[PDB]
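Below, each chain spelled out in residue letters.
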Amino acid sequence: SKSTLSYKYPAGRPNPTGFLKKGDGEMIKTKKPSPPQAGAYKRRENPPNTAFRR
Amino acid sequence: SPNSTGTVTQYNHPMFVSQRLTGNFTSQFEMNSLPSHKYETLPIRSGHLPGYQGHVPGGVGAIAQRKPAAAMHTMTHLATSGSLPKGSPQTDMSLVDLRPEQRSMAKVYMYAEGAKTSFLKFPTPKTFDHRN
Amino acid sequence: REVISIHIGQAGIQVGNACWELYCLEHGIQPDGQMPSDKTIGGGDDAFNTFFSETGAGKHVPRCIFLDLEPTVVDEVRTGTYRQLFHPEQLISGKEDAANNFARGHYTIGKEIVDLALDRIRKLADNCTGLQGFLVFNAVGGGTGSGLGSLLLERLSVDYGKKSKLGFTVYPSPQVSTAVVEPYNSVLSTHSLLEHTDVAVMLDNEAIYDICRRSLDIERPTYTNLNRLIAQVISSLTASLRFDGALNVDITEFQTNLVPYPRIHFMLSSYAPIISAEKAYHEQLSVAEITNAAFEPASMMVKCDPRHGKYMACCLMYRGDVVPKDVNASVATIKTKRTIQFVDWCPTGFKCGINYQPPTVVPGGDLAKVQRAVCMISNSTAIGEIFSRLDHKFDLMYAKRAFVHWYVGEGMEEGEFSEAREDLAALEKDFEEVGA
Amino acid sequence: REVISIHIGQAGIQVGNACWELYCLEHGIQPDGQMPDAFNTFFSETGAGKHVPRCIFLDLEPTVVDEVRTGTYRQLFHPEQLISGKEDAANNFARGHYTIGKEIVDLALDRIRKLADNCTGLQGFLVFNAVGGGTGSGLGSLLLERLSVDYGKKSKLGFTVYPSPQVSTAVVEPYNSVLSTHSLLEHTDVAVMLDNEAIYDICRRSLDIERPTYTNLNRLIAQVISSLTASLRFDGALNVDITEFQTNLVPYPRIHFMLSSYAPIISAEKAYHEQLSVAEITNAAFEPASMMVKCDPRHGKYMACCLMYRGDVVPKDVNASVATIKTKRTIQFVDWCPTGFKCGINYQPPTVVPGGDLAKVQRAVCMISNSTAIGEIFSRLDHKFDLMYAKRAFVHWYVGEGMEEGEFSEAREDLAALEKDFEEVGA
Amino acid sequence: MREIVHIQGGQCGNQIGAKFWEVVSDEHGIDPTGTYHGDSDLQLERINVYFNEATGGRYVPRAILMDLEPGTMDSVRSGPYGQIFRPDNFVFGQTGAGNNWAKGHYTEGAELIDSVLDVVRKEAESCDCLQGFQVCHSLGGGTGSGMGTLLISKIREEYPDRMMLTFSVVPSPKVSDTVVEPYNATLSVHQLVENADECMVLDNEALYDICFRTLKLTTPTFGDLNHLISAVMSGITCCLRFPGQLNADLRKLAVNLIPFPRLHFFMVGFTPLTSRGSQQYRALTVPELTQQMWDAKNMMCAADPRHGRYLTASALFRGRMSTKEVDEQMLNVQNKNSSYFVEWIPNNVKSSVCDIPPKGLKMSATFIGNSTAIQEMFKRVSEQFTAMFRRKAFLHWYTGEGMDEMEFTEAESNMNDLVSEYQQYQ
Amino acid sequence: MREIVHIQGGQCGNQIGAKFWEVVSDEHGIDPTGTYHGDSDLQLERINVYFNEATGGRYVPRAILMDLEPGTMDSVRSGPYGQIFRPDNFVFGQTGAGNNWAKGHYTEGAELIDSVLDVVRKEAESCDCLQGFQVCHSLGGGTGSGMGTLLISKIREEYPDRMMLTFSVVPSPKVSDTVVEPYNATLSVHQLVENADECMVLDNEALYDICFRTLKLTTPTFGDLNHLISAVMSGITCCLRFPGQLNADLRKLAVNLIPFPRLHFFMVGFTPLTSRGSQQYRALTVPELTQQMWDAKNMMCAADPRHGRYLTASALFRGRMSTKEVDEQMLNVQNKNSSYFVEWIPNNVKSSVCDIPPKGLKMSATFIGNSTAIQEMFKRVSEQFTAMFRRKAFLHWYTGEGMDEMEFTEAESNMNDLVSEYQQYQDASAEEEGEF
Ligand SMILES: Nc1nc2c(ncn2[C@@H]2O[C@H](COP(=O)(O)OP(=O)(O)OP(=O)(O)O)[C@@H](O)[C@H]2O)c(=O)[nH]1
Ligand SMILES: Nc1nc2c(ncn2[C@@H]2O[C@H](COP(=O)(O)OP(=O)(O)OP(=O)(O)O)[C@@H](O)[C@H]2O)c(=O)[nH]1
Ligand SMILES: Nc1nc2c(ncn2[C@@H]2O[C@H](COP(=O)(O)OP(=O)(O)O)[C@@H](O)[C@H]2O)c(=O)[nH]1
Ligand SMILES: Nc1nc2c(ncn2[C@@H]2O[C@H](COP(=O)(O)OP(=O)(O)O)[C@@H](O)[C@H]2O)c(=O)[nH]1
Ligand SMILES: [Mg+2]
Ligand SMILES: [Mg+2]
């Protein structure tokens, strides 16, 4: 977001199944990202293809 | 009535910075009268009050001056901006802070903001060529 | 009574060039080096002799040496306004930087230049007659200001020993900073600024930003507006040497009346009134008023809260239209407040000092011509937190040994990093043991 | 003998805007701040050749404050003494009392503290506000509470502006007025009402201005406050200080609501045909056509009255006139007090502003009384509060700001108790 | 300091906004190229509310112009006062809406609203103290109503505490542009009762009535109607922009006019509007302004206020005048008409004065009366909607896009119970 | 004083060098004829950092051009500012590498590098105090990659303690431009990880992205890409050529960016870029600079920092600016998006301010961010390399020229370990227990 230096999630898409009910106008008045994993310590797989097995 | 520093060098200062010089950029002080209107050492009749919440046309022009001095300098900038070329540079030697290094006005410290260049001008569709 | 000042590094020279801009205005010395024909603004034919040395006929050259490794800033002084003033052999300059590398400036690059400086500082201290001491300026962030700034001090300790060496540092701010290695340079230097300086004065840039923004109403500030109101602090704690006062205070008094123990010498500056020209003449400032304004946490030149600690011993320089009746009238009230408190075993407390010369204004500067001003210099256990915050982020990096491969490549070893850290951890207990 | 004057809200600043013009004109102070001891009660002499006033204009909308900063008296005030927020309170008591007050009041009262510390012989404070708005009423109330817990034993004269019975320039001001009085009861010491319909009628009847604006209202209000502070400023045969008001006009610590009046309000030409003596201006100060609050004291009973006199008055006939008034039967005094007058005389005649509509008269009277016609005003406001509250109109604004129905009900019953007190004491 | 972020949606919104920025730029003395050339320095002090300084006296509006087809914005930019808008503020659609509320709210908003939210969010946090947003759109069109409505929902979701004005033109059966006018108006009002803070109802019937009865023009092109709406919008936010004796900001006005959270549909009127042949036979006094204000021929809605009761009202005056005449006039017109004002609210009229009239006029005024006659316009919309919805006319271009019929039934229920409570309070 | 010896390799290198010598020569005020025409005393003072003033008053760059075909020699002689080069530093083979790292590093290298090194040795001994060698090349071809790599290794073994910049473009992810792209890039980076001091990574793909979205150019030629890269290089080395309130040279930036000796692959952005339309309407303020500077869509690389935590960052601003604003913007961007910054380094951002902007602009900035999201490039390149190598495509063109298969296997394994180290220093925590 150029406006506020904070990275922000994009707004959810409006769905037709979920419309605007009678009172949700008052629900409004009353009404955080991270780098994903880059997992370094997780177990890398190893298939049984070793030359010794062969 | 811009100030004339007694310093002389090979080049001349650009008009967009020589046309607007304050009393501070002299070679020789007036040891007798430091508090005076020459050096903006007395309250400026012009310049808004420190609390003023109106809109002053400077906004971000001045960088290290107090509100009244900043407003004075920016107003004088917009005032004599008429005699300058049309797309004149936006900054000025008065708006920029006065460093003890450079009060003597020895060298040409502020010229880049106005030099004719082709630095970051990418080609327009009419001027576009594939370098045949 | 002559004192010479060395400026060490990018910050040392920039600060110094505003400090010397000021003195030339205090004693009517035009930038060409000499006082004018007419217009004898000053009284006292001797006053300048503690900073300037009159050479031959009509020429006052400073007692100072700008020293640095990069030739980029010194050569701004060589051709600035004061081309005439600073004589050529004091603007020392090297060829390649220490580059934010304490070890590089202390072991590799410092050694070939330190001999040139310590041979110059000699034949300055020889032209002198009654050398009071030195006062050094540096920032403990970079390499030049930290590496040889420490190496220079140590060798000054051998050649002189007892001559006072005032320390005006510019410490890294808690969060608003410009470097990354500055936790490493700050610890490695203080460990050697600990046992060689006589009085050290902390100074954080950010806590000076908040002053200019709030008090001087400068929306966008810059290093000049900081280096400007630093000389106003140097000017004030030395005006007792230059001009006559009702109750004066010399350099050897600071050391005696502020340092309870040989290692606890770090001072909390302050100043008042810091006020612009527009509010200067509307709000009368009485000797009892400004001394109040010189004790709030909102007016310290360091970003530490004096409420977390107990004042040990304060110092108060007044200037201008001040009589000793009111000085003692106000200091009475300050001791009576309950928001500030002295340590148990210091019942005496303050040390005042009055000088008749009002502070001078710097044209194009920011302050106003003031009737009377104060330059408070305290000594509290409030810094006891500063090193702890500065310790936390040092050890935060050292556990991965980040950035270290640079320092050992230049001649250090992993010993210095440790032996400097357990020094700082020991210094913290000292501020704790005292505060009991 | 120094009195600092705070101004809260859009009406407070404009009232003080005419007040300080009058003060600079009475002491001959140039607008840039210097003369070409008597002034010591208002303008502190700072440094040298500079007199800064002991006032604070504070507001939440920056429009009128920075109009002052641009006007003629740039150089008179401090730059730092004109407090102003960034956004208004918008005729909302709760918004001005709990949302924005909480950030502006601390800077305000930490400014007044060093104003009071600059002072040495502080007589007291005096506050200027209108209870119709949000800034005047909301943080006005909040400031008065924190003044009462800070100083307490000092006087706090309150010159408030209530809503008129039919004239009104808002809709929710009854809610703001009732919520304001719940603190105006027990926090101000001496509260002087000032309606606007009464001042409109005065300007139309006496000054014959067919098109009066708020400036003329502010100017004659400034005449009233200047006339009752001239006892401290200028020297007279028999003058009082601020502490005499609460001593001779407040019989009980909860009955302090003073009808103000003034005489003579006379134009330039009507003056030629009328003799201005002590007899008729003391009589005309008691007619309901020359009071600043719209209420009919013929229905009420006077509890205590104070008469400030300015000009060429020696006590012989002022004692004669108050004697005739005491014998008159048109107006009645309460049994609880047989001698209900407090006279005060001052030598200096009231000055005039060039371009003002008031004539230069040699003698004047500022009457400040106490009655039960105020007990009529509170009911006339109570009725039109109960009309709106019975339908829960406009409530969601205050509840959204953070209040509840409790403060509405309890402030309404506070007015009921005040009414019960006035009908008890009037007997 | 207080900032108004302007938002234009659709064709009417873009053309109304074009005339709006032409009038405001003239009031602040900035010429069409973008430089300040005023006379008094009263004008500089309050142009942050509407402009941002670019480079050397270059002030650019704080506006966001959106629609699903650049066809209207091409004519907007091609006209005079075209170089002032920043090229980044324009936002684009390649498809086009076509009077289809579903197309404007479900299929094209789904990829348009993210970009315009980025533009609004950037323009909203560039400034320091937001006053609120101000929207101009229609209730009959597709990209005005649909896109504008979703924007109101998103903005009120993100910045809930700031104000929001909506100038919306409503449809009438006699000035009936589109055929799906009820299907768009009904769904739009259903959203506006739950999202907007206050809505000022406009319509072309009353605008023609004004231009032919009062102005007595010959050929009232749309430029003049757009000017009338423009003069109204400027008159609303006048008090923010100029110093006044009794200031009235946007929030100040909303709290004095809206007694209950659902009753925020105002009818507006502007004065003085007299023909150039009758500017000789008239005067300009506050009585002349008030007599013309309260006349029902000078409203800008198709609802006769004397078919019901004024709940509250507001009057913003401009120019040097006497507050005594202002107050006694409001009091007189309230006492004399004792039947058109509600009983359980005394002093139903809020008044305020500002000291700078529009250029070339001595004295002006603007009226915002929250009446209860606005439910007559909601009935003439609701009954048309039932007439079509009973038999599924034009319904499939909505249903075949994703919308369900429960949105229609619910839209009818909120319209019907809202007119029920209007009728209750009368 | 400080000196930068410039070296250009291959076709990409030579075109970038032509553009870079044009912008710099114009920055310092010399016309295409080589003569000086400036207006600036501050222009002459530090030109020796790039120019050797030949007799007759004509400044020539300190650049050495190398390749294996005379076509690019003719090209760089042809264009404007092309006859400013000394015709003896145009060293070139005659066969051609043929996009073959083996030919560039073993056969034609070992034949041309000798004369190249003779020229470089002469050019380096010309000046007194070398700051560094700058090397502009590519990583796709043979003579740019292989020959440039051989040259880097020779220069390091000759001058073991001088700075070394490598401006390298890398193969684009989505659209390649050479079938042997991975086979070249793998060996090249395997050597760069050992010899170079810092490598600034570029990408034509990101350059197109920028020129098409931000600049909103209809048709960007290669001129504009080289233009942007030249602007970036001028920015990164300005601080040596101009005096600033806070200075930062090459060695200082290296010390402050590189925490561990293997992590010296940066990513670059430049600000402000704006189409001539919006240029009329936007105002140049430090907020407007930093907002575009920190944008991920502004980096001139294929690495997107949303996939990794910024290890460190550096920002060189140019133009006269508020240090308070600079530092507060840095603090805000560091504190709001706190999860995207590494934990065990407090205050990850270095800042510097040079007082002279690029001509015509009021104010500008350059960003150099060392991020752990740069592992994407190596992971992609390594998987493509192994995809080709498992079936031995195109391998004979290298194998039948001296290289074995052990060389390829060793290079792939070294790249595969560099990426694992990136992963470790990304996912490491401060408390050190949580990750297990
Ligand atoms: N007060 C003040 N501090 C400064 C100024 N300039 C730099 N600094 C401080 O200096 C620190 C960095 O060291 P520098 O003085 O710039 O340079 P150095 O100390 O000589 O170290 P090297 O540049 O590597 O030789 C920064 O953290 C700043 O806090 C200044 O003008 N005023
Ligand atoms: N006597 C007098 N009354 C005034 C004047 N100006 C405003 N008022 C009164 O003020 C009342 C409303 O409150 P305001 O002062 O206008 O506004 P506020 O008190 O600041 O509250 P906000 O508008 O929310 O900021 C109105 O009923 C007016 O009668 C004035 O100049 N003289
Ligand atoms: N006052 C005014 N009304 C307009 C203008 N253009 C269209 N309208 C009205 O707006 C309605 C049609 O709006 P429309 O163009 O369909 O909105 P959109 O297609 O969603 O942008 C009709 O009732 C018109 O009377 C205009 O320029 N001025
Ligand atoms: N930026 C830029 N890159 C180029 C240019 N010409 C070629 N390249 C890049 O160079 C790579 C091909 O390498 P090549 O030029 O054959 O290297 P060489 O044979 O050693 O000179 C491709 O990825 C191109 O993107 C240019 O003019 N500008
Ligand atoms: Mg340095
Ligand atoms: Mg108000």
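Residues numbered from 1 in each chain as written, not as in the entry; some residues may be left out. Chains lettered and ligands numbered in written order. Part of a larger assembly, values for the part shown. Heavy atoms only, no water.

The record names cryo-EM as the way this model was obtained, at a resolution of 3.4 Å.

K.L.:
Pulling in residues and values, what's your account of the overall build of chain D?
P.N.:
When helices and strands are counted, chain D shows 14 helices and 12 strands. In terms of overall dimensions, chain D is globule-like: its C-alpha atoms have a radius of gyration of 21 Å, near the 22 Å expected for 427 residues. Each principal axis of the C-alpha distribution contributes one length, and for chain D these read about 60 × 60 × 45 Å. The 427 residues of chain D split such that 62% are buried. When the accessible surface of chain D is totalled, it reaches about 15600 Å², and 52% of it is carbon and sulfur. One way to put it: in chain D the 39 positive side-chain charges average out to a point 3 Å from where the 53 negative ones average out. (Helix = DSSP H or I, 4+ residues; strand = E, 2+ residues; numbered from the N terminus. Rg over C-alpha atoms; globule rule 2.2 N^0.38 Å. Buried < 20%, exposed > 50% of the residue type's maximum accessible area, 1.4 Å probe, protein only. Areas by Shrake-Rupley, 256 points an atom, 1.4 Å probe, with all protein chains shown as cover. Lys, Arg positive; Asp, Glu negative; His and termini not counted. Charge placed at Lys NZ, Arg CZ, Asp CG, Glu CD.)

K.L.:
Hey, could you go over the interface of chain C and chain F for me, with residue numbers and the actual values?
P.N.:
Contact with chain C, which involves 38 residues of that partner, is made by 43 residues of chain F. For the pair chain C and chain F, the summed buried surface comes to about 3800 Å²; carbon and sulfur atoms form 56% of the total. The largest share of the area that chain C buries against chain F comes from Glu96, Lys400 and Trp406 of chain C, three residues that together contribute 17% of it. Counting the contacts that link chain C with chain F gives three salt bridges. Remark: the boundary between chain C and chain F carries 12 residue pairs in polar contact. Counting residues per element, the ones that place at least two in the side of chain C that touches chain F are α1 (10-26), α2 (71-77), α7 (205-214), α14 (386-398) and α15 (404-409) of chain C. Here the side of chain C that touches chain F gets four residues from one element, more than from any other, and that element is α2 of chain C. (Contact = heavy atoms within 4.5 Å. Buried area = accessible area lost by both parts, 1.4 Å probe. Salt bridge = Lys/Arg side-chain N within 4 Å of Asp/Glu carboxyl O. Polar contact = N/O pair within 3.5 Å; in protein donor to acceptor, adjacent residues only side chain to side chain.)

K.L.:
Quick one: what's the story with the site of ligand 3, residue by residue and with numbers?
P.N.:
Residue and element names in this part refer to chain E. Around ligand 3, the structure places 16 residues, and the nearest of them are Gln11, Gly142, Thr143, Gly144 and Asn226. Separating an oxygen atom of ligand 3 from a backbone N or O atom of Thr143 is a distance of 2.7 Å. Side-chain polar atom of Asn204 to an oxygen atom of ligand 3: 2.9 Å apart, as the coordinates give it. Summarising the interface, the protein chains cover 88% of the accessible area of ligand 3, which totals 580 Å² for the free molecule. Among the residues making up the shell around ligand 3, the classes are represented as three nonpolar, 11 polar and two charged. (Near = heavy atom within 4 Å. Nonpolar A, V, L, I, M, F, W, Y, C, P; charged D, E, K, R; others polar.)

K.L.:
A description of unusual backbone geometry should follow, citing residues and the corresponding values.
P.N.:
In the segment running from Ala263 of chain D into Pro264 of chain D, the intervening peptide bond is cis, with an omega of 5°. With an omega of 5°, the peptide bond between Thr271 of chain F and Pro272 of chain F qualifies as cis. Mapping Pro272 of chain F onto the fold places it in the loop between β9 (265-271) and α11 (276-281). Backbone geometry at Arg401 of chain C places phi at a positive 60°, although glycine is not the residue there. Here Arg401 of chain C is to be found in the loop between α14 and α15. A positive phi angle, close to 55°, is found at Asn99 of chain E, a residue other than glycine. Following the sequence through the fold, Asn99 of chain E ends up in the loop between α2 (71-78) and α3 (101-107). On the accessibility criterion, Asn99 of chain E (34% relative accessible area) is partly exposed.

K.L.:
Describe in detail the arrangement of the chains, supporting the description with residues and values.
P.N.:
Interchain contacts are distributed over 10 pairs of chains, and the most extensive set of them lies between chains C and F. At no point do chain C and chain E touch; the closest pair of C-alpha atoms across them sits 14 Å apart.

K.L.:
Which residues make up the interface of chain C and chain D, and what values go with them?
P.N.:
At the interface, six residues of chain C touch 14 residues of chain D. Here chain C and chain D share an interface that buries about 790 Å² over both sides, 48% of which is from carbon and sulfur atoms. Among the residues of chain C in contact with chain D, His282, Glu283 and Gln284 of chain C are the three that bury the most area, contributing 72% of the side total. The interface formed by chain C and chain D includes one salt bridge. For the salt bridge of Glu283 of chain C with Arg111 of chain D, the shortest nitrogen-to-oxygen distance reads 3.4 Å. Its residues assigned to classes, the side of chain C that touches chain D comprises one nonpolar, two polar and three charged.

K.L.:
Describe the UniProt feature "active site" in chain D, naming the residues involved and giving the relevant values.
P.N.:
Residues and elements named next belong to chain D. According to UniProt, the "active site" feature falls on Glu244. Structurally, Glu244 can be placed in helix α9 (residues 242-248). The class of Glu244 is partly exposed, set by a relative accessible area of 26%. (UniProt positions renumbered as here; feature names shortened; annotations may be inferred.)

K.L.:
A description of the sheet that holds strand β7 (residues 198-202) of chain E should follow, citing residues and the corresponding values.
P.N.:
Two modes of strand pairing occur in sheets, parallel and antiparallel, and in both the strands are linked by backbone hydrogen bonds. Residue and element names in this part refer to chain E. Pairing within the open sheet is mixed, and its nine strands lie in the order β4-β1-β5-β6-β7-β8-β11-β9-β10. The open sheet terminates on both sides in strands that have one partner only, identified here as β4 (63-66) and β10 (349-354). Here the strands of the sheet are splayed against their neighbours by 20° on average, with no regard to which way each runs. In the packing of helix α1 (residues 10-27) onto the sheet, the strands contacted are β1 (2-9), β4, β5 (129-138), β6 (163-169) and β9 (310-318), and the crossing angle to β1 comes to about 145°. (Pairing = 2+ DSSP bridges. Axes fitted to C-alpha atoms, helices over the stretch in contact; angles between N-to-C directions.)

K.L.:
Go over a negative patch on the surface with me, naming the residues and quoting the values.
P.N.:
Residues and elements named next belong to chain F. A contiguous patch of negative charge on the surface is contributed by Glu343, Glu431, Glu432 and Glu433. Among the secondary structure elements, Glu432 is positioned in the segment after α16 (405-427). Of the residues examined, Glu432 reaches a relative accessible area of 47% and is grouped as partly exposed. (Patch = residues over 30% accessible without salt bridge, like charges linked within 9 Å, V, L, I, M, F, W, Y side chains within 5 Å.)

K.L.:
Kindly report on the site of ligand 1, identifying the contributing residues and their values.
P.N.:
All names here are of chain C. Surrounding ligand 1, one finds 18 residues, the nearest of these being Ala11, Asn100, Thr144, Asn205 and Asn227. One of the backbone N or O atoms of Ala11 is found 2.9 Å from an oxygen atom in ligand 1. Contacts to ligand 1 include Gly143, whose backbone N or O atom sits 3.1 Å from an oxygen atom. Considered on its own, ligand 1 offers 630 Å² of accessible surface; in the complex 95% of this is hidden by protein. Contributions of two or more residues to the shell around ligand 1 are made by α1 and α8 (223-236). Examining the composition of the shell around ligand 1, we find that three residues originate from one element, α1, more than from any other.

K.L.:
Explain the UniProt feature "binding site: GTP" in chain D residue by residue, including any values.
P.N.:
All names here are of chain D. When the UniProt feature table is mapped onto this chain, "binding site: GTP" is found at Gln10, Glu61, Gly134, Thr135, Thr169, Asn196 and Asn218. By the element assignment, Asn196 lies in the loop between β8 (190-192) and α7 (197-205). Under the relative-accessibility criterion, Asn196 is labelled partly exposed at 25%. Beyond its immediate stretch of four places on either side in the chain, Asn196 contacts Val161, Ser164 and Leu217. Note on placement: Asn218 falls in helix α8 (residues 214-233). For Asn218, the contacting residues outside a window of four places in its chain are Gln14, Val15 and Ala18. A polar atom in the side chain of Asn218 sits 3.1 Å from the backbone oxygen of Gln14.

K.L.:
Summarise the packing of helix α6 (residues 143-158) of chain F against helix α7 (residues 181-195) of chain F; cite the residues concerned and give the values.
P.N.:
Residue and element names in this part refer to chain F. For the pair α6 and α7, interaxial distance at closest approach is 10 Å and the crossing angle is 15°. Between α6 and α7, the interaxial angle falls into the category roughly parallel. In this structure, the crossing between α6 and α7 has a hand that is left-handed. Every residue of α7 that contacts α6 at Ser145, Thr149, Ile152, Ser153 and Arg156 is listed here: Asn184, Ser188, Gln191 and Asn195. Tallied by class, the residues present in the contact of α6 with α7 amount to one nonpolar, seven polar and one charged. (Parallel < 35°, antiparallel > 145°, perpendicular 65-115°, else oblique. Left-handed = near helix turned anticlockwise from the far one by under 90°.)

K.L.:
Could you give an account of the nonpolar core, naming the residues involved and the relevant values?
P.N.:
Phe266 of chain C together with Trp294 and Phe317 of chain F are the most contacted members of the largest nonpolar core, which totals 154 residues. Looking at this core element by element, the count peaks at 10 residues for helix α9 (residues 222-241) of chain F. Leave out the neighbours within four places in its chain, and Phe317 of chain F touches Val286, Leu289, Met293, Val326, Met330, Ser352, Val353, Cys354, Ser364 and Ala365 of chain F. (Core = buried A, V, L, I, M, F, W, Y, C linked by side-chain atoms within 4.5 Å.)

K.L.:
Could you give an account of the environment of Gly56 of chain C, with specific residues and numbers?
P.N.:
Residues and elements named next belong to chain C. Considering the arrangement of structural elements, one finds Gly56 in the loop between β2 (52-54) and β3 (60-62). According to the relative accessible area criterion, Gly56 is exposed, its value standing at 71%. As a C-alpha pair, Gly56 and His265 span 209 residues in sequence and 40 Å in three-dimensional space.

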